[PDB]
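J.: Okay, here's the structure, questions in a sec.
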Amino acid sequence: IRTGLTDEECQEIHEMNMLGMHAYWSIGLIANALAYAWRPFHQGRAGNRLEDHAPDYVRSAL
Amino acid sequence: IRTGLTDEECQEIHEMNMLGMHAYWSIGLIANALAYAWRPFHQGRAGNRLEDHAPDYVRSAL
Amino acid sequence: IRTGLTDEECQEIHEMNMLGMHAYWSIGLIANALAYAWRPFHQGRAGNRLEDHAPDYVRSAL
Amino acid sequence: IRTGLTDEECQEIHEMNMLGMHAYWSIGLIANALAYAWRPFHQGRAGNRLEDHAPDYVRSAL
Amino acid sequence: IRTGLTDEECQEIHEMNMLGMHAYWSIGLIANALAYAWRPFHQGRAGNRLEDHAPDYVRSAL
Amino acid sequence: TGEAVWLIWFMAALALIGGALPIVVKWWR
Amino acid sequence: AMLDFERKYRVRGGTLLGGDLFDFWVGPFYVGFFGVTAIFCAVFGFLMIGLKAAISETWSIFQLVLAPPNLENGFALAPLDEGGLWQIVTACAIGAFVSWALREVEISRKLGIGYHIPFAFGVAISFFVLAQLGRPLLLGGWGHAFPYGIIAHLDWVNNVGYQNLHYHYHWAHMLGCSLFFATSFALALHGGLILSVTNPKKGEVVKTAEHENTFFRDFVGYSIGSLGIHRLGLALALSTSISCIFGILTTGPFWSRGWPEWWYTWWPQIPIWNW
Amino acid sequence: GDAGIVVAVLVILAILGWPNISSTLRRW
Amino acid sequence: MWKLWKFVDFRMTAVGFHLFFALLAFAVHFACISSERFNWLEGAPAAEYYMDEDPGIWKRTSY
Amino acid sequence: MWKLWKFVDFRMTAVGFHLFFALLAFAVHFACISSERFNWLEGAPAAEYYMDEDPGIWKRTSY
Amino acid sequence: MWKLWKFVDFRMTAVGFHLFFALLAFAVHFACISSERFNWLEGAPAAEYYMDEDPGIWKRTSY
Amino acid sequence: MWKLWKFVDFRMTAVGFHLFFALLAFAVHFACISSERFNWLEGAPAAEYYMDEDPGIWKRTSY
Amino acid sequence: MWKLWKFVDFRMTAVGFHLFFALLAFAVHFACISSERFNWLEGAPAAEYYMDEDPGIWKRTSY
Amino acid sequence: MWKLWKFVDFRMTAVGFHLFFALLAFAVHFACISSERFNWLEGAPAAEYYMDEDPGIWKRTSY
Amino acid sequence: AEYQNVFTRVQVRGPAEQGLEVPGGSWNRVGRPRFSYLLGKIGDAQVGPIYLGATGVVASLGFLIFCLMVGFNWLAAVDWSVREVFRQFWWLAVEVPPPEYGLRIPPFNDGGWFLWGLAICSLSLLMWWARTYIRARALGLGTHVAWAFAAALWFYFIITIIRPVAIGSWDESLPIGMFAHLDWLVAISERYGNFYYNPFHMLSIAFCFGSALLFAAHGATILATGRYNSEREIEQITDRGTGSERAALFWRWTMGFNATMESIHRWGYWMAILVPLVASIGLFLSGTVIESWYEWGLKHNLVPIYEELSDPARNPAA
Amino acid sequence: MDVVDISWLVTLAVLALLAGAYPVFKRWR
Amino acid sequence: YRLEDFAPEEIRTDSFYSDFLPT
Ligand code: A1LZM
Ligand code: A1LZM
Ligand code: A1LZM
Ligand code: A1LZM
Ligand code: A1LZM
Ligand code: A1LZM
Ligand code: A1LZM
Ligand SMILES: C/C=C1/c2cc3[nH]c4c(c3C)C(=O)[C@H](C(=O)OC)c4c3nc(cc4[nH]c(cc(n2)[C@@H]1C)c(C(C)=O)c4C)[C@@H](C)[C@@H]3CCC(=O)OC/C=C(/C)CCC[C@H](C)CC/C=C(\C)CCCC(C)C
Ligand SMILES: [Fe+3]
């Protein structure tokens, strides 16, 4: 069943939706880039556990 | 029972449905290729358990 | 909202209200003054704990 | 939504409300000044704990 | 979806709302300034835990 | 570690419920 | 074998699943496909209960139990002599309860009434499912679910309650016991009110809704009314089943100490009176 | 290395998918 | 405030005030019974019995 | 705020304020009772009794 | 925001804000109480009493 | 399958697929987190870090 | 996909997306908090601090 | 997005945003309280107070 | 979806109905009828007026006296600290006399306060039951509500008086406390075997679970058939409509048997009031006839026997 | 912060949210 | 045809009846 919106209403809704989704998408991508440059999310083969790299006196929650 | 949708409305829905399904599908394939190159999902006959390849001092949750 | 009471009705309600409130207030002030003379309500800077002024054998509920 | 009270009714309600609020406010301010002169509500940098200023034999509820 | 309030009713509600909001805001800013001058809210790099600055006999609730 | 390990999935269940709430309400109405 | 007014409503349609093949009545019972599946699950589960009675040599409805597997079994399929029969009967009971509720949905559709009855039954079924699935998922095995014995599941209730020392003090138990007591209280009040209105002393005329309203207004100051009493009753019984869900899903999974200690953990330390 | 590439890709995606730039590809 | 009864029900106000004051008299008498100094039912001594000087209330007494 | 009663029920506001102030007077008195310094029912000493100088509030004193 | 009352009920907004701020004042006062530094009811010393220098807030102090 | 929408509601299909894919993304991310090899949040090493040869997937490796 | 709103309700979709994204932002921030590496609230060191070389992500490193 | 209020109730949106932001402000303040580095009420020191150099955030520091 | 008859979305208000004429109603009906919109969502919005009868007023006064006795005892137990009363609200209780008194009324602080409060509470409950009866009778109603309360009160008197008297000890009676009376539950069940093995406990739980079942099912039935004005059940009893017919046919097609609009209330009334009645029977037999429900059900092949434990605990006292 | 203190603070926060939302929930139709 | 009646004791034979409910 149709929602009832005209083509123009759908177009303006889509303009707002593209703005919202793509603005959120770009801000989130910048945020994920910043968090990744701060600490990359994926560990690599060596891992990133402190117990595997830090000295024995560095406490690790793991 | 039908849905009452015209051939044109069904074609518009199919265009959007193909675009959404295949865009997700391709982004998911890229994501799975990235995660597979990061760490292949499926172990070899040797497995990929740390207890079987890493030294004893490497902690494994298994 | 409006109680529907006339100005004279409100005035007689209010004279009774003033009588009740102020008679209770004055009797309570006399009662509080009597209880304050009996034992001042508020401790001095020295306090009024028995443990700080009474001898050791004088039991205090602290 | 509109309460339906006229301007004169709102003005007399406000006179009574101003009287109640400000009489309570002034009586409470006098009460707080009296209690503050009795014992200042807020400690200085030294605090006002008995454990830090009273002798050892002065018991404190901590 | 519309409250039905007229132009002048909305403006006078806004006058009262601005009065209440900004009076509370200013009184609260003065109150927070007073409490901040009494004891600054945010610790410096040294912190302000009593354990880290007071002598040992000064008990702290941590 | 801590209690966030299950908090991820409690919030995930809440997110699924919240995303479905307008759907369920529109279906209801 | 059919009510004086029953044939007037015995029409085709209203099936969720079954079409006209299962859309009939056997005696008083409407069948439907969900009636067929409910009978299947019920009879097969009772035959598995009888199988456990045979293998355990326990031909007593009171002493016979189908207990879930051991805790060490986890979620694994158990031997039929080691909890597998309980797993089969758990599937059978879930299927029979769901089929019964769906048959009631079919009957409600056929009668044009709301689905409130299968919904309330589904709330009870949800308790059973969350107790026999949610508690195993929380605690890591089918062995934490209650067994199928008339008396032995009472022993399981006893032991699971005493695992937390004093189960009365459980907050969900306190709320749910209050809700069961309120449900019996309100059922007594409501049955009594309706019978009092329609059965006054001999020689008195049948009273009205005004009479019952003013009765509870005179009695306790509030009358919830004809619609309100049934809404409150459905709410009370449903809410007691949700309280049962919370109780069975929290004792152990979310508090392994005594419920007395649970109450001591927060209530006495509430800062408004902890000084 | 790899992290820098990931950050660069995410930034490029954010720039390209920004409404001002992504909308230029709007066709209706 | 005689016009308060044009807008505020006096019966409600008076009944509520009497009920709250019954509860408040109970609460305050309870507060006195809780206090060792003020519990006449237990009848404990006052510290002023053993003081050699007036403690005051606002007096800037020092140990 | 004299126009507030064109939009906000004054009876509701006054009744709710009196109820909340009853609750708040109780809560604040109980907060004082909880405080050893301020519990007049227990009557503990003030630390100013044993202090030598004025502690101040914003005085920026030092040990 | 003077047109906000064309779409949002001011009675609702004001009542909700007053209730929320009542319980938020309760919460914030209790947060001060829970803090040893800020509990005026217990009146603990401030660390600045035992500090030789001003701790600062944004001041980049070092041990 | 453009004709599927003559017979199956697209709104229902797409809404259900989005709900189920949100649920399945949660479930799959949980599956990765539950895997030590794949938990990026805990960041365990890969076993390939400690192998002298590529394990492969279909490679007929022998001990 | 401007034609989607001919069939799928935009208000329902946007409200669902916003509720889902609020609770999912909570979930993802909790995923970060659950991670020792990523918990900014506890501020643990990164293993890259104690590593003499870049761990990489897809880089085939060996022990 | 001024046309959003043609399709989404602004009162619903604004009220829900204020509710969710009160909830999220509480949640974030509790997250700061949970953090020893950020619990202003407990007032713990900053690790930077003891560091000899700037830790950075994105700075590629080595032990 | 369809309207679920869960909440009244649109409430209508008439004039506040003082109530149907009863002897003494004009004077004894007190309180300006107040309309709760929140209560109107579910049922009737009107709150009040309440009948200020002699039995009702004195029963409420006795309930207040009992509650204040309990509160004063709790205060004196925590050194008259309301703060400590609220801190220990659930634990605090007016404790029953110890066994060394048997049926003697002891001093106040050795369980005498409990017996005093038991007398006050029992008399107040009997006056409230009389109010139930008289309020029903004044309106030309049956006393079914009074007799449901009588069943509950019979169980209460078994718990508090009759069964402690038959056992010959007041310590068997129910302590007046939140957690204390639950502790009484534990103590009674474990002292006398196990009430899980008490068949009247079984039946009372069957009737309580079935009160929940019937009252869920009946409320759901009425809300489902409210499309056909089935909630006006008095009319459906005197003038059986399609709502009552549909309810009966739903339950006949489900269970094979149904009730009527009146007989469902008979069913629910009896299922409810059976909880306290068979409850009283089982509790009374616990400690008078039955010493252990576990041993008794062992004799009756009622108690399950489980797998013998590997390495059972052996009683060191032989 | 003490677990009882933070839990009571969360309780007061939840109460504040409920009290602020109550006029909202009353008029939510 | 009970296996315990014909097989040697090295063959594990489990009775049809279980001892789970010694009633
Ligand atoms: C006849 C007639 C009459 C009347 C009348 C009237 C009118 C018209 C009015 C009034 C009022 C009134 N009051 Mg009244 N009255 C009477 C009485 C009385 C009494 C006795 C008992 O006697 C009393 C005690 C009374 C009190 C009162 C109060 C409540 C009020 C207010 C004030 C204020 O606000 O200030 C005040 C103000 C201000 C601003 C202040 C503030 C704070 C806030 C919260 C705070 C918060 C805080 C917190 C929460 C925290 C704490 C912490 C701790 C740690 C915890 N009354 C008579 C009966 N009237 C007002 C109002 O309401 O408002 C709205 C008005 O208008
Ligand atoms: C020592 C220990 C102990 C205990 C234990 C415990 C635990 C563990 C628990 C519990 C419970 C509780 N409980 Mg009890 N108890 C105690 C006691 C008591 C008392 C007194 C007086 O004392 C009271 C009154 C009480 C009650 C109660 C409530 C409330 C609850 C129950 C109910 C149920 O659940 O069911 C629920 C259930 C249900 C829902 C069911 C459903 C069917 C299904 C679908 C249907 C169908 C089926 C079928 C068979 C068909 C038939 C056929 C024909 C026949 C043909 N408590 C002690 C203490 N606890 C739960 C809960 O939590 O809740 C909350 C749980 O979990
Ligand atoms: C460690 C980690 C990991 C992961 C990760 C993640 C996350 C986080 C997520 C995901 C996902 C997803 N995935 Mg994946 N993964 C994984 C694996 C996998 C697999 C396997 C094989 O294993 C598959 C098949 C998948 C797939 C997928 C989809 C289904 C979804 C969507 C996307 C797409 O679309 O793409 C796109 C699509 C795709 C990729 C698909 C394709 C087919 C193909 C042609 C064929 C197939 C084959 C087979 C199965 C056989 C092999 C195996 C052997 C043994 C050799 N994943 C890992 C384990 N994830 C998502 C979801 O769920 O949402 C809803 C999310 O969130
Ligand atoms: C120890 C003891 C004590 C007390 C005591 C009591 C009792 C018993 C009672 C009371 C009260 C009351 N208060 Mg008080 N206090 C206290 C303090 C205080 C404070 C502080 C800060 O500290 C405040 C702010 C108050 C305030 C008040 C009010 C609100 C009311 C009154 C009313 C009026 O309005 O006037 C009066 C009013 C008033 C006073 C208000 C004013 C502001 C001003 C401008 C400003 C402020 C400032 C700030 C906040 C900042 C801080 C600083 C520092 C350095 C940090 N309180 C102490 C602690 N009480 C009441 C009530 O609640 O009612 C309901 C009662 O009952
Ligand atoms: C110790 C103690 C204490 C306190 C205390 C108290 C009490 C008792 C009370 C209060 C209050 C209140 N506050 Mg406060 N505080 C505190 C702090 C604070 C803070 C921080 C950050 O720190 C804030 C922001 C506040 C704020 C406030 C408000 C919101 C309210 C209202 C008032 C007003 O309006 O003001 C007004 C306002 C105001 C003052 C403010 C606003 C913005 C500004 C410009 C800027 C922003 C910035 C930021 C956020 C960040 C910084 C950084 C750092 C470095 C990190 N508070 C402390 C810690 N309290 C009240 C209430 O809540 O009621 C409801 C009460 O009662
Ligand atoms: C440590 C920390 C962390 C984080 C953080 C956070 C917080 C706090 C938050 C967030 C978020 C968010 N994210 Mg992120 N992260 C992370 C990671 C990640 C990932 C991975 C991969 O891992 C992903 C994919 C993400 C993504 C996202 C989104 C989806 C959202 C939104 C944003 C947007 O929209 O834009 C943005 C978007 C984006 C970025 C997306 C992208 C795609 C691409 C191209 C494709 C795919 C690929 C793949 C998967 C590959 C794999 C790798 C390997 C394994 C090597 N995240 C970390 C772990 N967060 C949010 C939320 O949720 O809200 C609701 C929040 O709050
Ligand atoms: C033992 C010990 C004791 C007592 C005792 C008792 C009993 C038994 C009773 C009582 C009462 C009562 N009080 Mg008293 N007290 C006490 C104190 C007090 C106070 C303080 C301050 O402290 C106050 C303010 C009072 C007051 C009162 C009233 C409000 C009520 C009512 C009455 C009347 O009206 O008067 C009348 C009124 C009156 C008296 C009042 C007036 C204003 C004034 C000038 C002003 C204010 C000031 C201030 C607050 C300052 C602070 C101080 C410092 C800290 C230095 N109380 C002690 C603690 N009782 C009652 C009742 O509640 O009823 C309901 C009762 O029963
Ligand atoms: C909050 C709401 C509630 C609610 C509501 C409500 N319950 C309804 C309806 C509505 C609206 C119905 O509409 C429906 C009905 O038709 O009768 C009126 C029904 C019903 N419930 C029954 C039993 C009931 N219900 C209880 C609790 C509530 N019932 C809560 C309080 C309780 C207890 C313990 O409290 C009991 C024993 C049946 C009589 C009937 C289902 C028949 C069935 O499932 O068919 C299926 C037919 C059969 C024969 C089922 C057999 C299935 C397996 C294989 C047989 C083995 C049984 C088990 C494994 C269960 C565990 C054994 C214990 C010893 C551990
Ligand atoms: Fe009924």
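Ligands are numbered from 1 in the order shown, chains are lettered A, B, ... in the order of the structure tokens, and residues start at 1 in each chain.
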Show me which residues line ligand 4, defined as having an atom within 7 Å of a ligand atom where only C-alpha atoms and all ligand atoms count, and present them as a PyMOL selection string.
T.: (chain D and resi 24-29+32+35+41-42) or (chain E and resi 27+31-32+34-35+38) or (chain J and resi 21-26+28-29+32+38+57) or (chain K and resi 41)
J.: Contacts of residue 62 in chain I at 9 Å or less, counting only C-alpha atoms, minus same-chain residues fewer than 2 places along, as a VMD selection string?
T.: (chain C and resid 45 to 46) or (chain I and resid 60) or (chain J and resid 48 to 52)
J.: For the full set of C-alpha atoms taken in order, report to one decimal the RMSD after fitting chain I onto chain N.
T.: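 Result: 0.2 Å C-alpha RMSD.
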J.: So how many Å separate CA of residue 121 in chain G and CA of residue 23 in chain G, to one decimal?
T.: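 Straight-line distance from CA of residue 121 in chain G to CA of residue 23 in chain G works out to 21.6 Å.
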J.: Hey, list the chain N side of the contact with chain E: 9 Å cut-off, only C-alpha atoms, answer as a list in words.
T.: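 The contacting residues on chain N are residues 9, 10, 11, 39, 40, 41, 42, 43, 44, 45, 46, 47, 48, 49 and 50 of chain N.
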J.: What would the file look like if the residues just selected were written as a JSON list (two decimals), in the first residue's frame with C-alpha atoms?
T.:
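Result file is part_7.json:
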[["chain", "number", "residue", "atom", "x", "y", "z"],
["N", 9, "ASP", "CA", 5.84, 15.78, 14.90],
["N", 10, "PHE", "CA", 8.10, 18.52, 16.22],
["N", 11, "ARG", "CA", 6.60, 18.34, 19.70],
["N", 39, "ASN", "CA", 35.54, 11.60, 38.78],
["N", 40, "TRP", "CA", 35.58, 15.22, 39.92],
["N", 41, "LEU", "CA", 33.70, 14.28, 43.09],
["N", 42, "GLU", "CA", 36.44, 11.91, 44.27],
["N", 43, "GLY", "CA", 39.09, 14.25, 42.84],
["N", 44, "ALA", "CA", 41.74, 11.72, 41.87],
["N", 45, "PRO", "CA", 45.02, 12.98, 40.38],
["N", 46, "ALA", "CA", 45.74, 12.96, 36.67],
["N", 47, "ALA", "CA", 48.44, 10.62, 35.42],
["N", 48, "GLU", "CA", 49.80, 13.63, 33.52],
["N", 49, "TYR", "CA", 50.73, 15.09, 36.93],
["N", 50, "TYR", "CA", 53.36, 12.33, 37.16]]
J.: Fewer than 5 positions away in the same chain doesn't count, so skip those; otherwise give me all residues within 12 Å of residue 5 in chain Q, counting only C-alpha atoms, as number ranges by chain.
T.: Q: 11-15
J.: Write out as a PyMOL selection string which residues come within 12 Å of residue 7 in chain E when counting only C-alpha atoms, dropping same-chain ones fewer than 4 positions away.
T.: (chain E and resi 3+11-14) or (chain K and resi 2-6)
J.: Would you put the residues from that selection into a file with C-alpha atoms, as an mmCIF file, in the first residue's frame?
T.:
data_model
loop_
_atom_site.group_PDB
_atom_site.id
_atom_site.type_symbol
_atom_site.label_atom_id
_atom_site.label_comp_id
_atom_site.auth_asym_id
_atom_site.auth_seq_id
_atom_site.Cartn_x
_atom_site.Cartn_y
_atom_site.Cartn_z
ATOM 1 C CA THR E 3 -1.692 24.696 21.435
ATOM 2 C CA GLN E 11 4.704 36.219 23.932
ATOM 3 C CA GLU E 12 3.636 36.616 27.564
ATOM 4 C CA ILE E 13 4.290 32.939 28.281
ATOM 5 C CA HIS E 14 7.714 33.533 26.760
ATOM 6 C CA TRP K 2 8.573 32.514 21.956
ATOM 7 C CA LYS K 3 6.740 30.598 19.219
ATOM 8 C CA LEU K 4 7.506 27.277 20.944
ATOM 9 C CA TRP K 5 4.252 27.668 22.867
ATOM 10 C CA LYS K 6 2.426 27.594 19.538
#
J.: So which residues are near ligand 8, meaning at most 7 Å away with only C-alpha atoms and all ligand atoms counted, given back as a PyMOL selection string?
T.: (chain G and resi 38-39+41-46+89-90+92-93+96-97+100-101+104+117-121+123-124+146-150+153+237-241) or (chain O and resi 209-210+212-214+216-217+220+251+254-255)
J.: As a ChimeraX atom specification, please: all residues of chain A that backbone DSSP puts in helix (DSSP H, G or I).
T.: /A:7-38,50-53
J.: Do you have, as JSON lines, the list of residues of chain H lying at most 9 Å from ligand 6, each with its nearest atom pair and that distance in Å to one decimal, counting only C-alpha atoms and all ligand atoms and ordered by chain then number?
T.:
{"residue": "H:6", "atom": "CA", "partner": "ligand 6", "partner_atom_place_in_ligand_line": "55 (C)", "distance": 9.0}
{"residue": "H:9", "atom": "CA", "partner": "ligand 6", "partner_atom_place_in_ligand_line": "44 (C)", "distance": 8.1}
{"residue": "H:10", "atom": "CA", "partner": "ligand 6", "partner_atom_place_in_ligand_line": "39 (C)", "distance": 6.7}
{"residue": "H:13", "atom": "CA", "partner": "ligand 6", "partner_atom_place_in_ligand_line": "44 (C)", "distance": 7.4}
{"residue": "H:14", "atom": "CA", "partner": "ligand 6", "partner_atom_place_in_ligand_line": "36 (C)", "distance": 7.8}
J.: Determine the nearest neighbour of chain O from the options G:21, G:48, G:11, G:94, counting only C-alpha atoms.
T.: G:11
J.: Please, which residues have at least one atom within 12 Å of an atom of ligand 9, using only C-alpha atoms and all ligand atoms, listed as a PyMOL selection string?
T.: (chain G and resi 186-195+197-198+209+225-234) or (chain O and resi 214-223+225-226+229-237+244+247+259-269)
J.: Tell me as a VMD selection string which residues belonging to chain M come within 7 Å of chain L, counting only C-alpha atoms.
T.: chain M and resid 7 to 8 35 to 36 61 to 63
J.: For ligand 5, which of E:30, E:16, E:10, E:5 is the closest residue, counting only C-alpha atoms and all ligand atoms?
T.: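 When distances to ligand 5 are compared using only C-alpha atoms and all ligand atoms, the smallest one comes from E:30.
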J.: Quote the spacing between CA of residue 173 in chain O and CA of residue 160 in chain O in Å to one decimal place.
T.: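 Separating CA of residue 173 in chain O from CA of residue 160 in chain O is a distance of 4.6 Å.
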